[PDB]
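Q: One structure coming up, written as C-alpha cells, with questions to follow.
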Amino acid sequence: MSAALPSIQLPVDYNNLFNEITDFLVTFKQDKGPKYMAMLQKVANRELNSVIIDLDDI
Amino acid sequence: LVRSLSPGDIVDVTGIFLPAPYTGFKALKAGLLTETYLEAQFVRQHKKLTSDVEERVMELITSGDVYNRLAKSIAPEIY
Amino acid sequence: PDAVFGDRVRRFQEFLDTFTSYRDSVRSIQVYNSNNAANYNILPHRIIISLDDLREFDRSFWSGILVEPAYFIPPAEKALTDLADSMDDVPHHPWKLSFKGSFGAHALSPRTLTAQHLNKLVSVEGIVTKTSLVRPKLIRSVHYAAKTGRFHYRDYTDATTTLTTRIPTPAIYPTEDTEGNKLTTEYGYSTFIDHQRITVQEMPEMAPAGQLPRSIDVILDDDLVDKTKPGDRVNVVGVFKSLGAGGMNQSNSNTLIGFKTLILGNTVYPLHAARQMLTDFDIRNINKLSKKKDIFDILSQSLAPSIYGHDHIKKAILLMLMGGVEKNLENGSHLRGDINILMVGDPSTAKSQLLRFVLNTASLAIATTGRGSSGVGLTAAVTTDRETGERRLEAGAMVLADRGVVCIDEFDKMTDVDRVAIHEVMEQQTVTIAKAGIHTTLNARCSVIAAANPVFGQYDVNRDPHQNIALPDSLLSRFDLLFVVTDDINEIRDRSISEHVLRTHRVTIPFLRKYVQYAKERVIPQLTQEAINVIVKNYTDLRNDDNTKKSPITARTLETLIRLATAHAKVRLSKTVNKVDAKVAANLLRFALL
Ligand SMILES: Nc1ncnc2c1ncn2[C@@H]1O[C@H](COP(=O)(O)OP(=O)(O)OP(=O)(O)O)[C@@H](O)[C@H]1O
C-alpha cells in the first residue's frame with residue numbers, strides 16, 4: 001500500500017537475535033551441568049510452574 | 001506470582017510496560033487517550049516456638065529479672 | 001507549492017543569521033547530554049527565539065507571525081531540524097519553538113475576548129485552579145510483518161499539530177495490511193506524548209467590579225508539565241484556536257456553540273507581583289550588613305510602616321515567617337517543628353491590620369479568609385467524573401499551605417465541624433481521608449496565624465484572664481503564644497498616634513523578601529552545650545513560677561524554647577548557637593506571660 005506504509009530500513013532486526021537464542025542451548029557451563037536446563041526438568045514432572053530467566057545468566 | 005501481595009505491603013514490582021486501547025465510545029470521546037498499565041514480572045517483598053529460637057528464651061530464664069528488666073524493656077522513653 | 005513555498009525558502013536563508021547567537025547554543029546543550037548518557041556510571045528541545053533578532057531587520061517576515069500564525073511555524077520547525085543533524089550526525093523529537101519577547105499590546109485580560117485577533121498570538125496571565133490529570137497519547141506507531149521480516153510505518157494526526165486541520169484518522173489501531181501476515185507492532189519504536197488541560201481564572205484585582213472571575217483553558221505539552229502548582233501567578237503565550245464542528249454534526253443544532261476556545265501554547269513563566277538570582281554585589285552587601293549586631297532590631301521596625309510599637313509582636317512575625325526547622329527522627333516520629341502563634345484583642349486595635357500584609361510578601365503562601373466550610377484541609381471527594389472513568393481526590397487547601405503560611409479569622413464565630421479538622425492538622429502534619437474512595441496520607445507543612453476576639457467586651461481584667469474566649473483547650477494547649485493586646489489610654493500615647501495616622505495619607509521591602517528567602521537556604525546549627533545549659537536554668541525558675549502564678553506550662557513549651565532561639569540564629573546566619581539568642585527567647589515569653 002502507498003502513502004508511507006513502508007518504513008526506513010532499521011539496522012536492528014530480529015533474526016540476528018533469533019539465532020542468538022539458538023545459542024542459548026547447552027553452552028553456559030560456568031553456572032550441575034547446564035543449570036537453566038536443570039530447572040527445565042523440575043517443571044516437566046509437574047510440581048512447579050515458574051521459570052526464572054534472569055539477567056545474571058545473560 | 002498471584003496471591004503474594006497484601007494491602008499495606010511496602011514493596012516494589014519489576015515489570016514490563018504497555019498501553020491498552022479503550023474500545024468504547026471512541027469517536028465523540030476517547031480520541032487518542034491511552035490509560036496504560038504496567039505488566040508485572042517480579043516481586044521483591046520487603047520488611048516482614050522451640051524452632052531455632054529457644055536460645056533467646058533461655059536468655060530470660062538464665063538472667064531472670066522479670067519484674068524490673070522487663071519493666072525497663074517496654075517503653076524506656078519516659079521519666 | 002511555488003508561491004506558498006518561496007517565502008519559506010527566502011526565510012530559510014534569512015533566519016540563519018537570526019541564530020548566529022543561538023547556533024552555538026542549540027548544539028552545546030546536547031553534546032554533554034550525548035556525553036553523560038554514554039558515561040552515566042536530560043533537557044528538552046528549547047530554542048528561545050527572541051523578538052529582537054526578528055524585528056531589527058525583517059518586516060514582511062515579521063508581521064506574518066503576528067497576523068497569520070498558521071503558515072509559518074511548521075516552516076520554522078522543518079528548517080530548524082536540519083541544523084540539528086548538519087551540526088550533529090556522527091554519534092548514533094522535532095525541536096519545536098518557544099518564542100519569548102515582548103508583544104506590543106496583546107496582554108488580553110481574558111475577561112476580554114478579542115474580535116481583532118482570533119487565531120493569533122495571545123499573551124495571557126492569571127491564576128490556575130483546575131490542574132487536571134495527565135495522560136499519554138500516540139502520534140506514530142510502527143508495524144512489522146513477522147513473516148517476510150519486513151516493517152511498516154504509520155502516523156496518526158489529531159487536534160494536536162496546533163495548526164493544520166488535516167483529515168483525521170478515526171481509528172485506534174489497524175490490523176492486516178495488504179498481505180497474509182499477522183501484523184506485529186514494535187512499541188519501543190512507537191512514540192508517545194502527553195496531554196493536560198488547565199483552566200485559568202482572572203487575576204481578581206485588575207478585573208473591574210461588575211462580574212465574577214471568568215476562565216478559559218489551555219493545552220500544553222510535556223516540556224512544562226508539573227510546573228504549575230495551583231495558586232501560581234502564571235503567564236502563558238500561545239496560539240488562539242477553535243476546533244469542533246458547530247452546526248452540522250447533529251441536525252437542527254439550535255442554541256449549541258460548537259466553537260470551543262482553546263490555547264495550544266508554550267513556555268509558561270512564574271511571576272511575582274523562587275527564581276530570584278542575585279549577583280555578587282547584593283549577596284556581598286547582605287553579608288556586610290550581617291556584620292552589624294543590630295540588624296535583628298532594624299528589621300523589626302522596618303516592617304509595618306503605619307503602626308506604633310508592639311515590638312514584641314513585630315519581632316514575632318518575622319521570627320515566625322522565616323521559620324524553624326524540623327529534624328525528622330530516623331525510624332521514629334518527628335516532632336512539631338512548625339511554629340503557630342495566636343492573637344486576641346479588644347477591637348480596632350490593629351489585630352487584622354498586619355494580617356493582610358503578610359500575604360503581600362508571602363513568598364508563595366496564599367491563605368484563606370477563614371470562611372469555615374468543610375474544605376479547609378480536605379477534599380470532599382470532588383471528582384467531576386474526569387472524562388468518564390477517572391476519580392480524583394481534588395486538593396482543597398493544603399497543597400497551597402505546604403512550606404508556607406496561612407491565616408484564618410473568627411474562631412469563636414464558627415461551627416463545630418471545622419474545629420475537629422484543626423485538631424488533626426496540628427497534632428499531625430498530615431491528613432488522611434477515605435470518603436468514597438482511596439485512603440491516602442498526603443503530607444503538609446503548615447503554620448497557622450490566628451485572630452479572634454473576646455466575647456464580653458472589656459471583661460478581661462475583672463475576671464479570669466483564662467477562659468476568656470472559652471474555645472476548647474485542645475487548641476490552646478497545641479498553641480504557644482497568646483498575646484493579649486492592651487488599649488490603655490495615655491495622653492502622650494494617643495497624641496503620638498494622632499499625628500502618625502495623619503502624616504500618612506499622602507529597610508526596604510524587596511530587600512527584605514530576599515533576605516529571608518536567602519536565609520531558608522543556610523545550614524542549621526542546633527549544637528552548643530553552653531546555650532542549652534542556661535535555658536534549662538531559665539526554665540526551672542519559671543517552673544517554680546508557672547504553677548504558683550498565672551498559667552501552667554508544659555514540656556512542649558521547651559520545644560518552643562529551643563525553636564525560637566534556633567530561628568534567632570537563622571537571623572544571624574551562623575552555625576554557632578550563641579549565648580545572646582537565649583536572652584531574647586526568655587524575655588519574649590516574659591512579656592507573653594507577664
Ligand atoms: N493600634 C493601632 N495603631 C495604629 N493604628 C491603628 C491601630 N489600630 C487601628 N489602627 C488604624 O485603624 C485602621 C484599621 O484597623 P483594623 O480595621 O485593622 O482594626 P482590626 O485589627 O480589624 O480590629 P477588628 O479585627 O477588631 O475589627 C488601620 O488603617 C490603622 O491605621
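Just so we're on the same page: first chain in the C-alpha cells is A, next is B, and so on; residues restart at 1 for each chain, and ligands are numbered from 1 in the order they show up.
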Just list the residues in stretch 163-310 of chain C DSSP gives helix (DSSP H, G or I) on the backbone, as a PyMOL selection string.

A: chain C and resi 222-224+280-288+295-301

Q: Could I get the residue neighbourhood of ligand 1 at 9 Å, counting only C-alpha atoms and all ligand atoms, as a PDB file with N, CA, C and O atoms, in the first residue's frame?

A:
```
ATOM      1  N   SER C 306       3.156  51.795  59.549  1.00  0.00           N
ATOM      2  CA  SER C 306       1.960  52.570  59.821  1.00  0.00           C
ATOM      3  C   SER C 306       1.662  52.616  61.309  1.00  0.00           C
ATOM      4  O   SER C 306       1.030  53.552  61.801  1.00  0.00           O
ATOM      5  N   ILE C 307       2.132  51.614  62.032  1.00  0.00           N
ATOM      6  CA  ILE C 307       1.637  51.360  63.376  1.00  0.00           C
ATOM      7  C   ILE C 307       2.760  51.587  64.375  1.00  0.00           C
ATOM      8  O   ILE C 307       3.912  51.221  64.126  1.00  0.00           O
ATOM      9  N   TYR C 308       2.428  52.191  65.506  1.00  0.00           N
ATOM     10  CA  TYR C 308       3.370  52.338  66.600  1.00  0.00           C
ATOM     11  C   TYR C 308       3.515  51.064  67.411  1.00  0.00           C
ATOM     12  O   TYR C 308       2.565  50.297  67.584  1.00  0.00           O
ATOM     13  N   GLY C 309       4.733  50.849  67.900  1.00  0.00           N
ATOM     14  CA  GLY C 309       5.056  49.907  68.947  1.00  0.00           C
ATOM     15  C   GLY C 309       4.875  48.450  68.572  1.00  0.00           C
ATOM     16  O   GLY C 309       5.056  48.032  67.425  1.00  0.00           O
ATOM     17  N   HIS C 310       4.495  47.684  69.600  1.00  0.00           N
ATOM     18  CA  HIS C 310       4.266  46.239  69.535  1.00  0.00           C
ATOM     19  C   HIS C 310       5.505  45.502  69.036  1.00  0.00           C
ATOM     20  O   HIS C 310       5.418  44.569  68.238  1.00  0.00           O
ATOM     21  N   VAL C 344      -5.194  37.852  70.261  1.00  0.00           N
ATOM     22  CA  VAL C 344      -6.551  38.229  70.630  1.00  0.00           C
ATOM     23  C   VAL C 344      -6.471  39.659  71.139  1.00  0.00           C
ATOM     24  O   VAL C 344      -5.434  40.098  71.634  1.00  0.00           O
ATOM     25  N   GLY C 345      -7.546  40.411  70.973  1.00  0.00           N
ATOM     26  CA  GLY C 345      -7.536  41.791  71.403  1.00  0.00           C
ATOM     27  C   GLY C 345      -8.890  42.441  71.240  1.00  0.00           C
ATOM     28  O   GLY C 345      -9.686  42.081  70.377  1.00  0.00           O
ATOM     29  N   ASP C 346      -9.130  43.413  72.118  1.00  0.00           N
ATOM     30  CA  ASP C 346     -10.311  44.251  72.048  1.00  0.00           C
ATOM     31  C   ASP C 346     -10.276  45.072  70.759  1.00  0.00           C
ATOM     32  O   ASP C 346      -9.193  45.436  70.293  1.00  0.00           O
ATOM     33  N   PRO C 347     -11.439  45.355  70.156  1.00  0.00           N
ATOM     34  CA  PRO C 347     -11.488  45.645  68.714  1.00  0.00           C
ATOM     35  C   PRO C 347     -10.809  46.944  68.308  1.00  0.00           C
ATOM     36  O   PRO C 347     -10.466  47.796  69.130  1.00  0.00           O
ATOM     37  N   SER C 348     -10.587  47.043  66.991  1.00  0.00           N
ATOM     38  CA  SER C 348      -9.998  48.202  66.314  1.00  0.00           C
ATOM     39  C   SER C 348      -8.611  48.547  66.838  1.00  0.00           C
ATOM     40  O   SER C 348      -8.195  49.704  66.837  1.00  0.00           O
ATOM     41  N   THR C 349      -7.881  47.539  67.283  1.00  0.00           N
ATOM     42  CA  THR C 349      -6.531  47.755  67.764  1.00  0.00           C
ATOM     43  C   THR C 349      -5.505  47.080  66.867  1.00  0.00           C
ATOM     44  O   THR C 349      -4.536  46.506  67.376  1.00  0.00           O
ATOM     45  N   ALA C 350      -5.735  47.115  65.548  1.00  0.00           N
ATOM     46  CA  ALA C 350      -4.806  46.655  64.514  1.00  0.00           C
ATOM     47  C   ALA C 350      -4.497  45.171  64.641  1.00  0.00           C
ATOM     48  O   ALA C 350      -3.382  44.728  64.378  1.00  0.00           O
ATOM     49  N   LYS C 351      -5.489  44.386  65.046  1.00  0.00           N
ATOM     50  CA  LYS C 351      -5.263  42.950  65.057  1.00  0.00           C
ATOM     51  C   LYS C 351      -5.360  42.376  63.649  1.00  0.00           C
ATOM     52  O   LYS C 351      -4.628  41.444  63.309  1.00  0.00           O
ATOM     53  N   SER C 352      -6.220  42.938  62.802  1.00  0.00           N
ATOM     54  CA  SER C 352      -6.321  42.449  61.438  1.00  0.00           C
ATOM     55  C   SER C 352      -5.502  43.273  60.472  1.00  0.00           C
ATOM     56  O   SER C 352      -5.448  42.921  59.290  1.00  0.00           O
ATOM     57  N   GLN C 353      -4.899  44.366  60.944  1.00  0.00           N
ATOM     58  CA  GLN C 353      -4.060  45.194  60.090  1.00  0.00           C
ATOM     59  C   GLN C 353      -2.889  44.422  59.530  1.00  0.00           C
ATOM     60  O   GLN C 353      -2.818  44.193  58.318  1.00  0.00           O
ATOM     61  N   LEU C 354      -2.017  43.947  60.399  1.00  0.00           N
ATOM     62  CA  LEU C 354      -0.808  43.260  59.995  1.00  0.00           C
ATOM     63  C   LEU C 354      -1.071  41.869  59.460  1.00  0.00           C
ATOM     64  O   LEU C 354      -0.143  41.214  58.978  1.00  0.00           O
ATOM     65  N   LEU C 355      -2.305  41.400  59.524  1.00  0.00           N
ATOM     66  CA  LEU C 355      -2.598  40.090  58.987  1.00  0.00           C
ATOM     67  C   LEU C 355      -2.747  40.067  57.483  1.00  0.00           C
ATOM     68  O   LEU C 355      -2.623  38.993  56.892  1.00  0.00           O
ATOM     69  N   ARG C 356      -3.000  41.201  56.849  1.00  0.00           N
ATOM     70  CA  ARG C 356      -3.202  41.176  55.412  1.00  0.00           C
ATOM     71  C   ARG C 356      -1.945  41.515  54.637  1.00  0.00           C
ATOM     72  O   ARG C 356      -1.864  41.186  53.451  1.00  0.00           O
ATOM     73  N   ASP C 409      -9.550  33.686  60.265  1.00  0.00           N
ATOM     74  CA  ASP C 409     -10.167  34.557  61.250  1.00  0.00           C
ATOM     75  C   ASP C 409     -11.416  33.924  61.847  1.00  0.00           C
ATOM     76  O   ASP C 409     -11.938  32.923  61.352  1.00  0.00           O
ATOM     77  N   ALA C 451      -6.596  34.799  64.692  1.00  0.00           N
ATOM     78  CA  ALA C 451      -7.173  36.093  65.038  1.00  0.00           C
ATOM     79  C   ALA C 451      -8.581  35.835  65.571  1.00  0.00           C
ATOM     80  O   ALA C 451      -9.462  35.428  64.813  1.00  0.00           O
ATOM     81  N   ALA C 452      -8.779  36.052  66.859  1.00  0.00           N
ATOM     82  CA  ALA C 452     -10.116  36.014  67.412  1.00  0.00           C
ATOM     83  C   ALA C 452     -10.320  37.215  68.322  1.00  0.00           C
ATOM     84  O   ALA C 452      -9.406  37.997  68.575  1.00  0.00           O
ATOM     85  N   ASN C 453     -11.532  37.344  68.843  1.00  0.00           N
ATOM     86  CA  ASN C 453     -11.916  38.483  69.658  1.00  0.00           C
ATOM     87  C   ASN C 453     -12.518  37.957  70.946  1.00  0.00           C
ATOM     88  O   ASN C 453     -13.129  36.886  70.945  1.00  0.00           O
ATOM     89  N   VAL C 485      -3.600  41.999  73.495  1.00  0.00           N
ATOM     90  CA  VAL C 485      -3.278  43.369  73.120  1.00  0.00           C
ATOM     91  C   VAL C 485      -4.034  44.335  74.022  1.00  0.00           C
ATOM     92  O   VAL C 485      -5.264  44.281  74.117  1.00  0.00           O
ATOM     93  N   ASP C 487      -5.060  48.316  75.294  1.00  0.00           N
ATOM     94  CA  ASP C 487      -5.509  49.530  74.631  1.00  0.00           C
ATOM     95  C   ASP C 487      -5.599  50.666  75.647  1.00  0.00           C
ATOM     96  O   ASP C 487      -6.561  51.430  75.686  1.00  0.00           O
ATOM     97  N   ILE C 497      -0.124  58.901  68.425  1.00  0.00           N
ATOM     98  CA  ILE C 497      -0.868  58.156  67.421  1.00  0.00           C
ATOM     99  C   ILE C 497      -1.515  59.096  66.421  1.00  0.00           C
ATOM    100  O   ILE C 497      -1.466  58.856  65.209  1.00  0.00           O
ATOM    101  N   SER C 498      -2.068  60.204  66.920  1.00  0.00           N
ATOM    102  CA  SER C 498      -2.938  61.067  66.131  1.00  0.00           C
ATOM    103  C   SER C 498      -2.216  61.719  64.963  1.00  0.00           C
ATOM    104  O   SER C 498      -2.811  61.899  63.897  1.00  0.00           O
ATOM    105  N   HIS C 500       0.569  60.397  63.506  1.00  0.00           N
ATOM    106  CA  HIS C 500       1.198  59.412  62.647  1.00  0.00           C
ATOM    107  C   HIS C 500       0.229  58.802  61.662  1.00  0.00           C
ATOM    108  O   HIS C 500       0.625  58.456  60.551  1.00  0.00           O
ATOM    109  N   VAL C 501      -1.039  58.673  62.039  1.00  0.00           N
ATOM    110  CA  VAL C 501      -2.028  58.349  61.027  1.00  0.00           C
ATOM    111  C   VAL C 501      -2.216  59.514  60.069  1.00  0.00           C
ATOM    112  O   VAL C 501      -2.300  59.300  58.855  1.00  0.00           O
TER     113      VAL C 501
END
```

Q: What is the distance, in Å and to one decimal place, between atom CA of residue C:147 and atom CA of residue A:12?

A: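 Result for atom CA of residue C:147 versus atom CA of residue A:12: 16.2 Å, one decimal.
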
Q: Using only C-alpha atoms, select each residue of chain A with any atom at most 7 Å away from an atom of chain C, and give the selection as a list in words.

A: residues 1, 4, 5, 6 and 7 of chain A

Q: Save out the residues we just selected, N, CA, C and O atoms, as a short mmCIF file (atom, residue, chain, number, x, y, z; two decimals), in the first residue's frame.

A:
```cif
data_model
loop_
_atom_site.label_atom_id
_atom_site.label_comp_id
_atom_site.auth_asym_id
_atom_site.auth_seq_id
_atom_site.Cartn_x
_atom_site.Cartn_y
_atom_site.Cartn_z
N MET A 1 0.82 -1.21 0.00
CA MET A 1 0.00 0.00 0.00
C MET A 1 0.85 1.26 0.00
O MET A 1 1.94 1.28 0.57
N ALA A 4 3.33 6.04 2.56
CA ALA A 4 4.26 5.93 3.69
C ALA A 4 3.95 4.72 4.57
O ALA A 4 4.18 4.71 5.78
N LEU A 5 3.41 3.70 3.94
CA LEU A 5 3.27 2.42 4.62
C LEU A 5 4.61 1.72 4.88
O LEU A 5 4.78 1.19 5.98
N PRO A 6 5.59 1.67 3.96
CA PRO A 6 6.89 1.14 4.36
C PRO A 6 7.64 2.15 5.21
O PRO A 6 7.41 3.36 5.13
N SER A 7 8.55 1.63 6.02
CA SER A 7 9.36 2.48 6.88
C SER A 7 10.79 2.52 6.38
O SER A 7 11.14 1.96 5.34
#
```

Q: Per residue of chain B within 12 Å of chain A, note the shortest atom pair and the distance in Å to one decimal, counting only C-alpha atoms, and order the rows by chain and increasing residue number, as a Markdown table.

A:
```
| residue | atom | partner | partner_atom | distance |
| --- | --- | --- | --- | --- |
| B:1 | CA | A:50 | CA | 8.5 |
| B:2 | CA | A:50 | CA | 11.4 |
| B:41 | CA | A:52 | CA | 9.8 |
| B:42 | CA | A:52 | CA | 9.4 |
```
